[PDB]
Amino acid sequence: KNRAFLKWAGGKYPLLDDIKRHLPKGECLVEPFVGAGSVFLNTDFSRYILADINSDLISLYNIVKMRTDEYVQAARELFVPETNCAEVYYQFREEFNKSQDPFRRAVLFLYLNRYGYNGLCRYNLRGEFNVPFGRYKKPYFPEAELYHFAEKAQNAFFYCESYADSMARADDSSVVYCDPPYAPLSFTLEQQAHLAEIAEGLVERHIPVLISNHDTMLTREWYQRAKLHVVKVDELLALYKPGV
DNA sequence: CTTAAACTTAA
DNA sequence: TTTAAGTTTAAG
Ligand SMILES: C[S@@+](CC[C@H](N)C(=O)[O-])C[C@H]1O[C@@H](n2cnc3c(N)ncnc32)[C@H](O)[C@@H]1O
């Protein structure tokens, strides 16, 4: 199992086997909520359409893909012991927030993700990264995961857009997997239900859609028109399967 | 996770 | 003619 080079909340890494077990085959996989892209890195589709609302994330992904060797060499220089203190961290965080250069921001983004607290990605309403120092002993530099990502990204397109726009890209040969922000144990409840509506529209166009979420009475109401599978609170896999 | 600041509401 | 109580936001 291949790991993502980013630390991300709800990476769905221990759930990969279950997801892949209920994920239909197709020419193209569409991910409206790509995140770290664990499913992307552990599946074998001919091409991928990967989207997310986070512009820094999508920007980073395209840079790692197109300027791989340049990026790895630049980002590696920040994974040294000298940068592992709070004072240096908050200066790099400041440099990130003031920079208008996509490459430099992408380089610092990896640093902030590995040196920041719990790999959190948090912004204020100004759009400024404000995750505090993580105080780690020895942050790992994901050089292998970076190169593996770039290799797989050769057949992937990245888009910075909401789920409704990315799911509209799906066609007859597509499969859609959705990993939205977790429902109550930002992404509103109305958006949670609207996601299910779009999936119902797609499944009538003979486009298979798989949704992962918490197993609650509220999520079961949303995904009531789908085949429900309980994993291991519990994890819910809502599969929308077209009837040929 | 926590506290503090920013901002609104009521009466 | 006011300000404590609430709600949201910022950030260690
Ligand atoms: C990794 S997925 C959810 C993972 C896991 N279920 C959890 O909640 O911890 C979260 C991602 O969805 C993206 N996202 C949030 N709202 C979105 C939206 N409206 N449209 C597309 N992507 C969105 C965020 O950028 C974030 O990276």
Side-chain angles (χ1 to χ4, degrees), chain A residues 3-11 13-15 32-38 51-61 63 74-142 160-165 179-185 187-195 212-219 221-222 231 234-236:
Chain A
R3 297 184 182 273
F5 65 94
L6 286 176
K7 298 167 59 180
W8 213 256
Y13 187 84
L15 303 177
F33 312 88
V34 58
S38 300
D52 196 286
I53 203 63
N54 192 322
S55 57
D56 299 324
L57 186 62
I58 298 302
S59 176
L60 165 67
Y61 282 170
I63 291 180
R76 181 166 51 221
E77 296 185 12
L78 310 191
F79 292 60
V80 295
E82 302 81 277
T83 70
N84 197 11
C85 75
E87 289 70 33
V88 164
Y89 171 84
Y90 288 120
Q91 180 165 280
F92 274 142
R93 189 179 73 178
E94 181 174 338
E95 185 189 345
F96 176 85
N97 293 325
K98 289 183 180 177
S99 172
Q100 283 98 3
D101 177 36
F103 181 80
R104 184 57 181 176
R105 287 178 61 94
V107 170
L108 296 174
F109 191 86
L110 183 59
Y111 170 85
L112 295 175
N113 175 257
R114 289 283 174 170
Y115 283 73
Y117 188 93
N118 203 22
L120 293 182
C121 191
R122 189 179 65 190
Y123 303 88
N124 56 27
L125 293 184
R126 296 179 179 180
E128 301 170 334
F129 191 87
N130 62 6
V131 178
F133 184 54
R135 304 177 59 235
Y136 293 103
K137 200 273 177 183
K138 185 183 180 302
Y140 166 69
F141 179 66
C160 182
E161 59 194 17
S162 187
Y163 60 95
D165 296 319
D179 192 15
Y182 274 143
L185 189 57
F187 200 73
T188 67
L189 297 181
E190 290 76 9
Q191 288 177 313
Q192 289 276 6
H194 181 236
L195 177 63
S212 60
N213 208 328
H214 282 335
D215 180 31
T216 63
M217 291 302 180
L218 189 54
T219 59
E221 187 182 38
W222 291 334
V231 176
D234 298 328
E235 185 77 24
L236 183 59

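Just so we're on the same page: letters track the sequence lines, and every chain starts at 1.
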Next on the checklist: What is the distance, to the nearest angstrom, from the CG atom on A:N124 to the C1' atom on B:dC7?
Outcome noted: 16 Å
Item to check | Interatomic distance where CZ belongs to A:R126 and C1' belongs to B:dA5 [whole Å] | outcome: 13 Å
Checklist entry - Donor-acceptor pair under 3.5 Å: do we get one between A:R122's side chain and the base of C:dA11? => result yes
Next on the checklist: If the cut-off is 4.0 Å, is A:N130 near the phosphate of C:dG12, judged by side-chain N/O to OP1 or OP2?
Outcome noted: no
Next on the checklist: Does A:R3 qualify as a cation-pi partner of A:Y13, given the criterion of NZ or CZ under 6.0 Å from the six-membered ring centre and within 45 degrees of its axis?
Outcome noted: yes
Checklist entry - Once you round it to whole Å, what is the distance between P of B:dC1 and OH of A:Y117? => result 9 Å
Checklist entry - Mind checking whether A:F187 and A:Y182 have ring centres under 6.0 Å apart? => result no
Item to check | Check: C:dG12 base within 3.5 Å donor-acceptor of A:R135 side chain | outcome: no
Checklist outcome for this item: Shortest non-hydrogen pair, A:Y61 vs A:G37, comes out as OH-N, 4.4 Å
Item to check | Centroid-centroid under 6.0 Å between A:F92 and A:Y111 rings | outcome: yes
Next on the checklist: How many whole angstroms separate atom CG of A:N118 from atom P of B:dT2?
Outcome noted: 16 Å
Checklist entry - How many Å lie between CD on A:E128 and P on C:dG12, as a whole number? => result 12 Å
Next on the checklist: Could you tell me how far apart A:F129 (CZ) and C:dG12 (P) are, to the nearest whole angstrom?
Outcome noted: 11 Å
Checklist entry - Can you tell me how far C1' of C:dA11 sits from OH of A:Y89, to the nearest Å? => result 11 Å
Checklist entry - What is the nucleic acid contact for A:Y90, judged by heavy atoms within less than 4.0 Å: base, sugar-phosphate only, or nothing? => result sugar-phosphate
Next on the checklist: Can you measure A:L125 atom CG to B:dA5 atom P for me and round it to whole angstrom units?
Outcome noted: 18 Å
Next on the checklist: If a positive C1'-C2'-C3'-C4' torsion means north (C3'-endo side) and a negative one means south (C2'-endo side), where does B:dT2 fall?
Outcome noted: north
Checklist entry - Atom CD in A:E77, atom OG1 in A:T83: separation rounded to 0.5 Å? => result 11.0 Å
Checklist entry - Taking a pair as Watson-Crick or G-U wobble with both distances under 3.5 Å, which nucleotide is matched to C:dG12? => result B:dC1
